[PDB]
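Beneath this line is the structure, given in structure tokens, with notes to follow.
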2 protein chains.
Amino acid sequence: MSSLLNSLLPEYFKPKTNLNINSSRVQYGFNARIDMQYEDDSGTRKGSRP
Amino acid sequence: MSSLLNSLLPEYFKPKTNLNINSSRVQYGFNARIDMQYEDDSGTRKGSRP
């Protein structure tokens with residue numbers, strides 16, 4: 001059933017037809033922007049991985 | 001004139017009669033609590049001298 005397996009894919013994922021696989025290992029994932037924060041009595045230390 | 005020289009003294013200063021001076025040098029002043037702060041794009045670093 002193509003229909004039920006299609007709904008499992010994420011909303012942001014827009015797939016194309018061809019995929020040129022040339023190896024026996026693939027790292028599928030996503031890139032996200034994490035805005036980390038460390039608060040303490042002394043003060044706050046902010047970080048950001050884009 | 002005792003009156004005009006009396007008004008120059010601070011409000012918090014409550015003087016007593018006797019002062020036992022035993023040297024040719026005196027460091028008059030006051031003790032205060034300073035709450036310092038350093039803010040930056042990275043974060044805030046707070047200090048306090050009581």
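Ligands are numbered from 1 in the order shown, chains are lettered A, B, ... in the order of the structure tokens, and residues start at 1 in each chain.
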Using only C-alpha atoms, select each residue of chain B with any atom at most 10 Å away from an atom of chain A, and give the selection as a PyMOL selection string. chain B and resi 37-48
Length of the CA of residue 30 in chain B to CA of residue 12 in chain B vector [Å]: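 Going from CA of residue 30 in chain B over to CA of residue 12 in chain B covers 9.8 Å.
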DSSP alpha helix (DSSP H) residues within chain A, listed as a list in words: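 The alpha helix (DSSP H) subset of chain A is residues 2, 3, 4, 5, 6 and 7 of chain A.
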Report the residues of chain A whose backbone DSSP state falls under strand (DSSP E or B), written as a PyMOL selection string. chain A and resi 34+37-38+43-46+49
Write a file of the just-selected residues containing C-alpha atoms, as a PDB file, in the first residue's frame.
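Below is the file part_35.pdb, written as the result:
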ATOM      1  CA  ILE A  34      19.562  24.469  18.407  1.00  0.00           C
ATOM      2  CA  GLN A  37      21.078  28.180  27.313  1.00  0.00           C
ATOM      3  CA  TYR A  38      22.825  27.607  30.726  1.00  0.00           C
ATOM      4  CA  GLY A  43      24.941  34.497  35.210  1.00  0.00           C
ATOM      5  CA  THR A  44      23.614  33.056  31.875  1.00  0.00           C
ATOM      6  CA  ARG A  45      25.864  31.506  29.115  1.00  0.00           C
ATOM      7  CA  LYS A  46      24.120  31.304  25.660  1.00  0.00           C
ATOM      8  CA  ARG A  49      24.589  25.619  16.635  1.00  0.00           C
TER       9      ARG A  49
END
CA of residue 15 in chain B to CA of residue 3 in chain B: how many Å, to one decimal?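 Separating CA of residue 15 in chain B from CA of residue 3 in chain B is a distance of 15.0 Å.
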Can you measure CA of residue 35 in chain B to CA of residue 8 in chain B for me? One decimal in Å is fine. 27.7 Å
